[PDB]
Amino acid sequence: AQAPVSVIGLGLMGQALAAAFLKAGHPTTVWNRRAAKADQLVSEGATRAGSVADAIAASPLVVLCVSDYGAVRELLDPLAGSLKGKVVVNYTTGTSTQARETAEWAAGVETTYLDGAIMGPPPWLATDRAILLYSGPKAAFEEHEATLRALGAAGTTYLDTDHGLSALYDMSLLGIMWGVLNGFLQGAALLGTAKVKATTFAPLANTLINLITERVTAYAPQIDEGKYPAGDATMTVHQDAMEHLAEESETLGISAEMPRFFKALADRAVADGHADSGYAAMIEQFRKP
């Protein structure tokens, strides 16, 4: 109690946010375009705001989670005068550029605005797996740190004052997640041709995912120094193995699109004269517009 919060936007991630605040004993007011998306929470103790104004007026902490920043502007523009003395935390997925622009607007209507990024599925909220990054005024963050930590004590992390940093980190970590899921999906498509079940491949795949973190830590400084030694394998070795994965995919009858794509990037790596460097030299390829 004594710390009301309003969640504007009741999607899957929004609902999880309102639930976390409710369970944590915070007076939680919710609002969503489709009112039906707020019934469960209201029946569980949440206060249903009839309008965006009702939600904004219910608490000093206003949490935003909608589809796009376009929906963010549409909801925040008509109340630029109603945000006096409040703090706005926006968990909506967007680009760093969109984050800074909404900050500019916020800075103009004299209101505290925090840009937040939720890293992972809604089920991770209010669990040990929850990771939430914040960017903006460090003061406002600390004012509500107790309230914010209801969504994940250990995972809460204040980034800095640059409002776009949260979105940037959000985008960078998302590429990692899709890279893992797609890699796993490509591997599961293969072993399925041998009547191997995805569940059977899941533990082995996860063992390898966890271990590769070691290589991740190894290539990190090489990306910083600009020197890419080939202590584990040369780009040519990678290129060859990528060709085997491509060829194996076409043979077994599954998509070889991703293998071809990976081998294409290795082509340019060796094309740039990095055939005898470690995979870290791939950073140059990803820096090319």
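Heads up: residue numbers just count along the shown sequence, starting at 1.
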Please compare 100 to 108 with 123 to 131 and name the stretch with the higher mean C-alpha B-factor in the deposited structure.
100 to 108
136 to 144 versus 179 to 187 - which carries the larger mean C-alpha B factor in the record:
136 to 144
When the deposited Cα B-factors of this chain's modelled residues are ordered and cut into thirds, is residue 48 in the lowest, the middle or the highest one?
middle
When the modelled residues of the chain are sorted by Cα temperature factor, does residue 35 land in the lowest, middle or highest third?
middle
Can you tell me which third, lowest, middle or highest, the CA B-factor of residue 27 falls into for its chain?
lowest
What third of the chain does residue 229 rank in for C-alpha temperature factor, lowest, middle or highest?
highest
Chain-relative C-alpha B factor for residue 154 (record values, thirds): the lowest
